[PDB]
Structures are given as structure tokens and as C-alpha cells.
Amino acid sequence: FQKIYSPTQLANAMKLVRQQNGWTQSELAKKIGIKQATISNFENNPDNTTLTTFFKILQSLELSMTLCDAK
């Protein structure tokens, strides 16, 4: 897990985790009660995605996050 500085880097990181684990967008969406469409718009167009969507998808990916220094 590298340091992440932008919505695009975040979405790329989380899509990679989804794919590495062989999960579909629909599977994740169902587990957390949002639309598959919403996961798709996040992976491809994350700039205006809400923090709520972000934290729900984190949960579905079995992830959390932490702050750290920009170094």
C-alpha cells in the first residue's frame, strides 16, 4: 500500500484491490447497498465521488485507511 495523493490514484488503487481479489462491482455493491453504477463512476471518474461512497466501498473491499505525512 503506497501513499496516495489524488482521487485518481485512490480509484486506481482500489480497483486493483477489487480485481486482484476477483470481485465484481456488483458483488461489492450488493454487500454495501449502493448501485453498481456508483462503483463504476468512482473507478473511472472519482473526482466528485462523495466520501460516503468511498468509505462504503472500502468496507466492501475489507479495507480501512490512515493518514500519514505527505513526506
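Numbering starts at 1 and follows the sequence shown.
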Of 3-11 and 60-68, the one with larger mean CA B-factor: 60-68
Against its chain's modelled residues, does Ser40's Cα B factor rank lowest, middle or highest third? middle
Position of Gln19 among the chain's modelled residues by C-alpha B-factor, lowest, middle or highest third: highest
Chain thirds by Cα B factor, record data; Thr49 belongs to the highest
